[PDB]
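Step one of this worksheet: look at the structure below.
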Amino acid sequence: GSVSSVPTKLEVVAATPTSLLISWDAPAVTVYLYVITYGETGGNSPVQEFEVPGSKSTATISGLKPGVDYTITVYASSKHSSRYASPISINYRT
Amino acid sequence: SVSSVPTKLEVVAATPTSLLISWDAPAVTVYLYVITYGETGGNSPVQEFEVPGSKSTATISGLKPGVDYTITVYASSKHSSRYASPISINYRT
Amino acid sequence: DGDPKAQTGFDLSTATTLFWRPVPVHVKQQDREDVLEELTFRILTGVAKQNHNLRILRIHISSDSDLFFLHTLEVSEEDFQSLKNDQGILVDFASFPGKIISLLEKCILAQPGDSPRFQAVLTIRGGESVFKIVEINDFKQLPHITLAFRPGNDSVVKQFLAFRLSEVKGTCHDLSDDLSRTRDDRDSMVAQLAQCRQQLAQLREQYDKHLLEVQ
Amino acid sequence: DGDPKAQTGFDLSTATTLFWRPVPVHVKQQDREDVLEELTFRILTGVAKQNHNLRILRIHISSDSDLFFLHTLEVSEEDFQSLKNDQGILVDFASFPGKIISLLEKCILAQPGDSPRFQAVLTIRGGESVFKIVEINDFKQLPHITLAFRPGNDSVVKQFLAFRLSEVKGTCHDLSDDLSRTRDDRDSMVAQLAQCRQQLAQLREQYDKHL
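Chains as they are written, first to last, in the working numbering: chain A, 1 to 94; chain B, 1001 to 1093; chain C, 2001 to 2215; chain D, 3001 to 3211.
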């Protein structure tokens, strides 16, 4: 029973105008690492990626513009997946 | 006209294996502090470590539990004095 | 990433991270009893700063508890041929990290009751180290793969210390900000208990006045 | 010495520290405004790993305020003659660090209203730096001594990073103690106001019952 094991429950638990912290329940497969990509929705904002170890279910993003809707994507690195495969995305407006 | 020595040396926090000491600084400008810890009258080599002058506190680790140690702070104060004007305490964990 | 200086050797900017998570491993020292620490591992593939046509694999063993315990392993494609002939490997350079990560996954998911049970062990001889994955069968502890680790170059150690320092400084800064918020909450709660006790004392005075009226 | 390793040069194990304290210094950059930031200094005397008969003086300028900062200066006994002839020094090699420390102390203890007032200024030119202690009298800003600084080898940077990391770890333990104290005190304030409001409501209810 090999689930694709994408991350579930992607949510922003705490948020301040310049920084937010996201938490996700971990997929059932052993996760090698997580690649979190935060970017502004549309516009000329480049997509920014930073890597977090697989054991961590939380992360923090800083440097955000106030009052702007951002798109946050969590890529999971499983055994039978690619570290830019199996993504799940949410949208949040700081 | 001034002590040029440290004044108040006491143990603020203590754990069975390590100790933390705090001292009030002399009025003169302190260049640095040399903290020397050794076992009391025992054949343990005296261990010295250096701390900046801005620090009024320090921490010593690697101690043997239940053994009375002698801790001395040498001040490198003005007038080029070094390993001089010491203040000493004895404390057992 | 980190403080920019002379980085001749492995180009960390062009690095590609493959594996980065804690994994439980037994550590062997002559003086220290063997301790099961989920040492953090990190596997990276990339190219050298001198030449981009040469591929290089990198493995780092770090310790979130004791951050002075760093060990590194670098493998070039030619050294990969040498290692493949020495240990009898059959896969190519590209599939080497995949098999290493598969063995590490077998190590992490090992339950106390499993046959055969895969485990990881690191023997530390001074600055040097030897890491090996073992199979505990009903018969013997047979080694699957044996790897040697060395102290890192001064540059890679510099940048690793810089990364950890940045993370710890950020954590302490966030905690100090929350403590400022807690001090504001303390001030508000103070003022509130003070006003509440003032009101209660006033009501007691009114009750005493009513009792005097009754008498 | 945290994370030690041997490269042929200055033997930090055999080093003797003479001065290590924060010093107020004006920092000047070509594209940036001049800011008075309290930089930490380090003075070291010792011998080289190659030969113990050769003495070497070492000066480190670090910044506990910023995130990463280190500049180094090495003076050999042979180079000291050149520096002494260039800047017109009169003391010997042994008293050179003593006079440097005396000038630095005169600089730190400088009060806003004093003539002459001693000050220290560091000009950063890309990777290199020029440090000079100056005297501002009623007439002019005359330089007492001028010293040149460059970045450092990877080893000294490694040990500086280790020291900074240890300092931040100690601060984090102090911070955990402070957070325990402050949150327990806030909770105490909450629970006491809650008990007081409960008593106030009870007494008001009793007053309504009696009336």
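Here a beta-carbon is modelled for each residue, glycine too, at the ideal position from N, C-alpha and C.
* To do: Note down, one range per segment and in chain order, each beta strand (DSSP E) of at least 3 residues found wholly within the region 2035-2114 of chain C.
  => 2035-2047, 2055-2062 and 2071-2076
Quiz item: Just how far apart, CA to CA, sit D/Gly3152 and D/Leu3070?
Solution: 7 Å
Open item on the list: Pairs of beta-carbons, one from the region 2181-2195 of chain C and one from the region 2015-2027 of chain C, closer than 8 Å: are there three or more?
Closed with: no
(Q) Classify C/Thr2008: buried if its beta carbon has 16 or more other beta carbons within 10 angstroms, exposed otherwise. (A) exposed
Continuous beta strand (DSSP E) assignments of at least 3 residues falling wholly in the region 2143-2178 of chain C: none
What does DSSP give as the partner residues of B/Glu1010 in its beta bridges? B/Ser1022
- In this structure, does DSSP put B/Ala1058 in helix, strand or coil? strand
message: At the 8 Å Cβ level, is C/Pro2097 part of the contact set with chain A, yes or no?
response: no
Query raised in the report: Which chain A residues sit within Cβ distance under 9 Å of C/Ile2101?
Result: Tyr32 and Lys79
Q) When the Cα of C/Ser2062 is compared with those of C/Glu2038, C/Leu2054, C/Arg2055 and C/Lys2084, which residue comes out closest? A) C/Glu2038
For the beta strand (DSSP E) containing A/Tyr70, name the first residue and the last one. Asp69 to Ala76
Given this structure, state the Cα-to-Cα distance separating D/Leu3109 from D/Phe3080, to the nearest angstrom.
28 Å
**Asked** Would B/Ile1021 pass as a contact of B/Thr1057 if the rule is Cβ separation under 8 Å?
**Response** yes
- Under the rule that 16 or more other beta-carbon atoms within 10 Å means buried, what is B/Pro1052, buried or exposed? buried
query: Name the residues in the region 2166-2198 of chain C whose C-beta lies less than 7 Å from a C-beta of chain D; which are they?
result: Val2168, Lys2169, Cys2172, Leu2175, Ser2176, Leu2179, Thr2182, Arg2183, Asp2185, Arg2186, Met2189, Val2190, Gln2192, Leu2193, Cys2196 and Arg2197
contact_flag[the region 1001-1009 of chain B, the region 1077-1092 of chain B] where n(CB pairs < 8 Å) is 3 or more: yes
message = Any C-beta of chain A within less than 8 Å: which residues of the region 2001-2034 of chain C qualify?
response = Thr2017, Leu2018, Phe2019, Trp2020, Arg2021 and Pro2022
Endpoints, beta strand (DSSP E) assigned at B/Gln1047
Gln1047 to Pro1052
query = So, is the C-beta of B/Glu1010 closer than 8 Å to a C-beta in chain D?
reply = no
**Asked** Is it the case that the Cβ atoms of C/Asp2154 and D/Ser3155 are separated by a distance below 8 Å?
**Response** yes
Open item on the list: Under 8 Å, Cβ to Cβ, is there at least one residue of chain A near residue 2229 of chain C?
Closed with: With chain C covering only 2001 through 2215, there is no way to say anything about residue 2229 of chain C.
query = Roughly how many angstroms separate the alpha carbons of D/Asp3177 and C/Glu2135, rounded to a whole number?
reply = 45 Å
Checklist line | Span of the beta strand (DSSP E) around D/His3026 | finding: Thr3016 to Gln3029
Please classify residue 2218 of chain C as buried or exposed, where buried requires at least 16 other C-beta atoms within 10 Å of its C-beta.
Outside the shown range of chain C (2001 to 2215) lies residue 2218 of chain C, about which nothing can therefore be said.
query: According to DSSP, is D/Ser3180 helix, strand or coil?
result: helix
Under 7 Å Cβ-Cβ, which residues of chain B neighbour D/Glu3105?
-> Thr1029 and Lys1078
Next item on the list: Kindly indicate which three-state DSSP category A/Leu33 falls into: helix, strand or coil?
Entry: strand
* Buried or exposed by the 16-neighbour rule on C-beta atoms within 10 Å, applied to C/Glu2105 -> buried
Rounding to the nearest angstrom, what Cα-Cα distance links C/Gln2215 and C/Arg2181 in this structure? 51 Å
Notebook entry, point to check: Which of the residues in the region 45-63 of chain A, read from start to end, lie with their CB under 9 Å from any CB of chain C?
Noted result: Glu51, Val52, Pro53, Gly54, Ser55, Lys56, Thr60 and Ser62
_Residue from D/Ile3133, D/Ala3194 and D/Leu3203 with nearest C-alpha to D/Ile3101_ = D/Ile3133
To the nearest angstrom, how far is it from the Cα of B/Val1030 to the Cα of D/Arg3042? 13 Å
- What are the boundary residues of the beta strand (DSSP E) that includes C/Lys2132? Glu2128 to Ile2136
Ignore the nearest five residues each way along the sequence and tell me which others in B/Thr1036's own chain have a CB closer than 6 Å to its CB.
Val1046, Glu1048 and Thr1072
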